[PDB]
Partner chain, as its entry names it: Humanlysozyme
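Encoded as structure tokens, the following chain is the form deposited without the partner chain, with no partner shown.
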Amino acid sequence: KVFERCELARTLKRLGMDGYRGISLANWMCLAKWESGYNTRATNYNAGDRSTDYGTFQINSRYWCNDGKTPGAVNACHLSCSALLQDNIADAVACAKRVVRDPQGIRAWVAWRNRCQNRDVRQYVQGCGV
């Protein structure tokens, strides 16, 4: 599923993301835009290290979810990677909450650092009634 911006914004808000661990909803929206373009089916295999990023938030198979083919996988979210490719983003959201509970927080995502951090991200939530 490819979400429309405001549709995703209200969905995240209902899932308790606004201000989660100090992260504003606009930041979460900036991250999903750059990571997947709001597409829940998004997958990116990293040939250099044998891991794959899954879904909307492009969560990694080395530490967060299990796909059975990544060396040293940890499965911290205790989820099959398949769960992060569904139209229902409830699992991806619970897992993304778990990732940010680590020391680095939202900075765990380099893309956040490159395209969101210290930027005017108001536009991601503008007009969504959120």
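Residue numbers count along the first chain shown, from 1.
Relative to its counterpart among 78 to 86 and 99 to 107, 99 to 107 has the higher mean temperature factor, C-alpha atoms as listed in the PDB entry. Once the C-alpha B-factors are averaged per stretch, 67 to 75 and 49 to 57 rank with 67 to 75 first. Of the candidates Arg10, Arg113, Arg21, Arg122, the deposited coordinates give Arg122 the top C-alpha B factor. In the deposited entry, the Cα temperature factor of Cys128 sits in the middle third of values across the chain's modelled residues.
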